[PDB]
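As structure tokens, one chain now follows by itself in the form deposited in one PDB entry.
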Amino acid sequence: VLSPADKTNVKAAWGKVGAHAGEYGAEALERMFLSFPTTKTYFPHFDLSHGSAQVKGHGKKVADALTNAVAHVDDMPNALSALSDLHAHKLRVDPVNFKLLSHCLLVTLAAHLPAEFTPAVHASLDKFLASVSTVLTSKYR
């Protein structure tokens, strides 16, 4: 469960992301496909080459959904109900992959936000991405 300080930490870090959300989302995807190639099995219809426009657009989408989760941190299951439904009933991504994307988003943030990525904020982001993942996989069965 996210504590008050966690929420505060997440809102502040994500705040600094600002207009780079989309770029970071795309970067995290790229890091994931290269570091963890089994994740590519979910995207056979995508051009996965560096700088491809499908990865870019998808990067924006993920990033925006995350922004919405941060804005709705107290009410995630509701704010993300449709995405939760989509992942459970259509996409059907194995849960292990959410941990791989989460780690890659952390590495991306660590690389772009040096001053902001303190040990306490790192802790809070990791918990936040974990709750987001839990919400997106809650209706699987």
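Note that residue numbering begins at 1 and tracks the sequence as displayed. Think of the rigid core as the biggest set of C-alphas that the two forms share within 1.5 Å after superposition.
Greatest C-alpha divergence in 6 other deposited structures of this protein once each structure is fitted on the rigid core, 66 to 74 or 88 to 96: Comparing 66 to 74 with 88 to 96, the one that moves more in 6 other deposited structures of this protein is 88 to 96.
So 48 to 56 or 27 to 35, which one's hotter by mean CA B-factor in the entry? According to the entry, 48 to 56 carries the higher average C-alpha B-factor.
Mean Cα B-factor comparison, 105 to 113 or 74 to 82, giving the higher one as deposited: On average, C-alpha B-factors are higher across 74 to 82.
Using the B-factors in the PDB entry, rank residue 121's C-alpha atom against the chain and give the third, lowest, middle or highest. Middle third, going by the recorded CA B-factors of the chain.
The following text describes the form deposited with a partner chain bound, which does not appear among the structures shown.
Would residue 47 count as a contact of the partner chain in the deposited bound form, using a 4.5 angstroms cut-off between non-hydrogen atoms? So residue 47 does not count as contacting the partner chain.
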